[PDB]
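A.B. asks: What follows is the file start_5.txt, containing compact mmCIF, C-alpha atoms (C1' of nucleotides):
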```txt
# COMPACT_ATOMS: atom_id res chain seq x y z
CA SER A 1 132.32 153.28 101.61
CA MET A 2 134.66 151.04 99.62
CA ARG A 3 136.50 153.15 97.05
CA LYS A 4 136.45 150.34 94.47
CA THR A 5 132.63 149.87 94.44
CA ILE A 6 131.98 153.65 94.19
CA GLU A 7 134.52 153.63 91.36
CA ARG A 8 132.43 150.95 89.59
CA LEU A 9 129.27 153.12 89.79
CA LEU A 10 131.13 156.17 88.45
CA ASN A 11 132.59 154.08 85.58
CA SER A 12 129.18 152.40 84.94
CA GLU A 13 127.09 153.03 81.78
CA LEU A 14 124.30 154.30 84.10
CA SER A 15 123.42 157.99 83.51
CA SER A 16 125.04 160.55 85.83
CA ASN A 17 121.56 162.06 86.44
CA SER A 18 120.02 158.57 86.89
CA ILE A 19 122.67 157.62 89.50
CA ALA A 20 122.16 161.02 91.15
CA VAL A 21 118.37 160.59 91.51
CA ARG A 22 118.65 157.17 93.21
CA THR A 23 121.73 158.09 95.34
CA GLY A 24 120.27 161.47 96.37
CA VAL A 25 123.66 163.05 95.56
CA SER A 26 123.72 166.03 93.13
CA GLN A 27 124.11 165.35 89.39
CA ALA A 28 126.51 168.29 89.51
CA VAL A 29 128.81 166.45 91.92
CA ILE A 30 128.54 163.19 89.89
CA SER A 31 129.45 165.00 86.62
CA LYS A 32 132.39 166.87 88.24
CA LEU A 33 133.55 163.51 89.67
CA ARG A 34 133.34 161.51 86.40
CA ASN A 35 134.88 164.38 84.39
CA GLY A 36 137.63 165.01 86.95
CA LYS A 37 136.93 168.43 88.51
CA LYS A 38 136.28 166.86 91.96
CA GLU A 39 138.15 163.99 93.69
CA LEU A 40 136.38 160.97 95.30
CA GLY A 41 138.73 161.37 98.29
CA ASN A 42 137.34 164.83 99.15
CA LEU A 43 133.72 163.48 99.24
CA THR A 44 131.77 163.58 102.57
CA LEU A 45 131.35 160.11 104.12
CA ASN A 46 127.57 160.65 103.95
CA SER A 47 127.68 161.16 100.15
CA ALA A 48 130.20 158.32 99.73
CA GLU A 49 127.95 155.88 101.65
CA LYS A 50 124.97 156.73 99.47
CA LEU A 51 126.97 155.96 96.26
CA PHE A 52 128.34 152.70 97.79
CA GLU A 53 124.84 151.54 98.86
CA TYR A 54 123.43 152.24 95.40
CA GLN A 55 126.22 150.27 93.68
CA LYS A 56 126.14 147.30 96.13
CA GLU A 57 122.32 146.90 95.88
CA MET A 58 122.92 146.32 92.12
CA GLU A 59 125.90 143.92 92.44
CA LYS A 60 123.91 141.37 94.51
CA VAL A 61 121.23 141.29 91.75
CA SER B 1 135.74 153.10 105.22
CA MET B 2 132.76 151.72 107.15
CA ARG B 3 131.16 154.34 109.43
CA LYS B 4 130.73 151.72 112.18
CA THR B 5 134.46 150.81 112.36
CA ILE B 6 135.54 154.49 112.52
CA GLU B 7 132.88 154.96 115.22
CA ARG B 8 134.61 152.05 117.09
CA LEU B 9 138.09 153.71 116.88
CA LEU B 10 136.57 156.99 118.14
CA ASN B 11 134.97 155.09 121.07
CA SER B 12 138.33 153.35 121.77
CA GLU B 13 140.51 154.18 124.82
CA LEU B 14 143.46 155.03 122.52
CA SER B 15 144.63 158.68 122.86
CA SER B 16 143.38 161.02 120.10
CA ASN B 17 147.07 161.96 119.53
CA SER B 18 148.11 158.26 119.52
CA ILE B 19 145.63 157.44 116.72
CA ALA B 20 146.71 160.60 114.85
CA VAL B 21 150.40 159.62 114.74
CA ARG B 22 149.54 156.10 113.50
CA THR B 23 146.80 157.17 111.00
CA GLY B 24 148.42 160.42 109.82
CA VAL B 25 145.16 162.27 110.54
CA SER B 26 145.23 165.32 112.86
CA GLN B 27 144.61 165.07 116.61
CA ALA B 28 142.46 168.15 116.03
CA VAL B 29 139.93 166.31 113.85
CA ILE B 30 139.84 163.15 116.01
CA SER B 31 139.38 165.24 119.16
CA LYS B 32 136.61 167.27 117.49
CA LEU B 33 134.83 164.13 116.24
CA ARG B 34 134.97 162.69 119.79
CA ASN B 35 133.85 166.03 121.29
CA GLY B 36 131.05 166.02 118.70
CA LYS B 37 131.93 169.40 117.15
CA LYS B 38 132.52 167.50 113.87
CA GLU B 39 130.28 164.97 112.05
CA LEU B 40 131.84 161.68 110.80
CA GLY B 41 129.66 162.05 107.71
CA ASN B 42 131.29 165.39 106.83
CA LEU B 43 134.79 163.75 106.87
CA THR B 44 136.61 163.09 103.54
CA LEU B 45 136.91 159.52 102.21
CA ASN B 46 140.73 159.95 102.13
CA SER B 47 140.97 160.70 105.90
CA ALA B 48 138.33 158.10 106.80
CA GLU B 49 140.07 155.34 104.84
CA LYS B 50 143.15 156.07 107.02
CA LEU B 51 141.21 155.76 110.32
CA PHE B 52 139.49 152.64 108.90
CA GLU B 53 142.76 150.96 107.95
CA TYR B 54 144.00 151.54 111.53
CA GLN B 55 140.89 149.94 113.13
CA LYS B 56 141.06 146.90 110.79
CA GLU B 57 144.72 146.32 111.81
CA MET B 58 143.72 146.55 115.52
CA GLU B 59 140.81 144.12 114.83
CA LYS B 60 143.33 141.45 113.71
CA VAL B 61 144.68 141.31 117.33
CA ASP B 62 141.15 140.43 118.59
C1' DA C 1 115.17 162.74 79.97
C1' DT C 2 120.29 164.14 79.66
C1' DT C 3 124.76 167.00 79.90
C1' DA C 4 127.72 170.47 81.77
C1' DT C 5 129.17 174.79 85.05
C1' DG C 6 128.57 177.78 88.52
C1' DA C 7 127.10 180.52 93.52
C1' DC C 8 127.27 180.31 98.23
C1' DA C 9 127.08 179.01 103.06
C1' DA C 10 129.42 176.04 105.52
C1' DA C 11 132.27 173.02 106.20
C1' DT C 12 137.37 170.39 105.89
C1' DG C 13 142.67 169.23 105.82
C1' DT C 14 146.67 170.84 107.46
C1' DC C 15 149.04 173.42 110.03
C1' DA C 16 149.80 175.93 114.24
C1' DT C 17 149.22 177.55 119.50
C1' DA C 18 147.18 177.52 123.96
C1' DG C 19 145.88 175.42 127.95
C1' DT D 1 152.43 163.90 127.37
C1' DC D 2 147.49 165.12 126.57
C1' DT D 3 143.25 167.83 124.80
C1' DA D 4 141.34 171.97 123.03
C1' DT D 5 140.68 175.86 119.79
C1' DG D 6 141.47 178.21 115.74
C1' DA D 7 143.63 180.16 111.32
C1' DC D 8 143.52 179.71 106.51
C1' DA D 9 143.28 178.18 101.94
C1' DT D 10 140.38 175.10 99.71
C1' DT D 11 136.55 172.20 99.00
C1' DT D 12 132.24 170.65 100.13
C1' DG D 13 126.84 170.10 99.69
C1' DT D 14 122.85 172.27 98.09
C1' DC D 15 120.62 174.49 94.81
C1' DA D 16 120.41 176.30 91.14
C1' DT D 17 120.78 177.26 85.80
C1' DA D 18 121.63 176.86 80.57
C1' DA D 19 122.01 173.66 76.78
```
Show me, as structure tokens, the structure contained in the file I just sent.

C.D. replies:
Amino acid sequence: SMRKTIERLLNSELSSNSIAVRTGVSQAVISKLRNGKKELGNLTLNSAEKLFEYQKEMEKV
Amino acid sequence: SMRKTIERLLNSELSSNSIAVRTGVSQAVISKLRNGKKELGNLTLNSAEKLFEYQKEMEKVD
DNA sequence: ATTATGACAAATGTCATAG
DNA sequence: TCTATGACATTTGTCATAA
């Protein structure tokens, strides 16, 4: 779960809900992350891996 | 913080307390992950990045 | 479709102590 | 030394809403 790649997804123009549906992570968590209420560091490795996989599968394209 | 590399440090012969001093993480969590009372998935990215950085440094020795 | 805030059960980090 | 167990304040993930 590279912090930089997850950071790219969160800073992407992709919708918070749209990222959430594909990642499987809650839109709530994505919104609170982008806005600032939650920290990426406190995220469960399981959730972090999902975000990293979604962003990497896009970078190769 | 690749799950596989952290899984490798957990499976290592290094003492739970030895890894804790070097990583800054608590012996409690490492011991509980090894015991299996704690899931690696439920760990924070902050703490896992620390255990990951340790393993990568050990990997350089090969 | 999208955006925000919660509630809640169940964890976690960071400290101990106990064996 | 080492592991094991827990306390506690805080934060999660899940599952909602309301706009």

A.B. asks: Output as JSON lines one row per residue of chain D within 12 Å of chain A: the closest atom pair and its distance in Å to one decimal place, counting all atoms listed in the file, sorted by chain and residue number ascending.

C.D. replies:
```
{"residue": "D:10", "atom": "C1'", "partner": "A:42", "partner_atom": "CA", "distance": 10.7}
{"residue": "D:11", "atom": "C1'", "partner": "A:42", "partner_atom": "CA", "distance": 7.4}
{"residue": "D:12", "atom": "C1'", "partner": "A:43", "partner_atom": "CA", "distance": 7.4}
{"residue": "D:13", "atom": "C1'", "partner": "A:26", "partner_atom": "CA", "distance": 8.3}
{"residue": "D:14", "atom": "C1'", "partner": "A:26", "partner_atom": "CA", "distance": 8.0}
{"residue": "D:15", "atom": "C1'", "partner": "A:26", "partner_atom": "CA", "distance": 9.2}
{"residue": "D:16", "atom": "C1'", "partner": "A:28", "partner_atom": "CA", "distance": 10.2}
{"residue": "D:17", "atom": "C1'", "partner": "A:28", "partner_atom": "CA", "distance": 11.3}
```

A.B. asks: Might you pull out every residue within 10 Å of residue 16 (chain C), with all atoms listed in the file counted and same-chain residues fewer than 2 positions away left off, and present them as a list in words?

C.D. replies: residues 14 of chain C; 6 and 7 of chain D

A.B. asks: Hey, which bits of chain D sit within 10 Å of chain B, and for each residue what's the closest pair of atoms and how far apart in Å (one decimal), counting all atoms listed in the file, rows by chain and increasing number, as a tab-separated table?

C.D. replies:
```
residue	atom	partner	partner_atom	distance
D:1	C1'	B:17	CA	9.7
D:2	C1'	B:17	CA	7.7
D:3	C1'	B:31	CA	7.3
D:4	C1'	B:31	CA	8.0
D:5	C1'	B:28	CA	8.8
D:12	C1'	B:42	CA	8.6
D:13	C1'	B:42	CA	9.6
```

A.B. asks: Find the nearest atom pair between each residue of chain C and chain B for residues within 10 Å, count all atoms listed in the file, give distances in Å to one decimal, sort rows by chain and ascending number, and present the table as JSON lines.

C.D. replies:
```
{"residue": "C:11", "atom": "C1'", "partner": "B:42", "partner_atom": "CA", "distance": 7.7}
{"residue": "C:12", "atom": "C1'", "partner": "B:43", "partner_atom": "CA", "distance": 7.2}
{"residue": "C:13", "atom": "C1'", "partner": "B:26", "partner_atom": "CA", "distance": 8.5}
{"residue": "C:14", "atom": "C1'", "partner": "B:26", "partner_atom": "CA", "distance": 7.9}
{"residue": "C:15", "atom": "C1'", "partner": "B:26", "partner_atom": "CA", "distance": 9.4}
```

A.B. asks: Residues near residue 9 (chain A), anyone? I mean within 9 Å using all atoms listed in the file, not counting same-chain ones fewer than 6 positions away, as a PyMOL selection string.

C.D. replies: chain A and resi 19+51-52+54-55
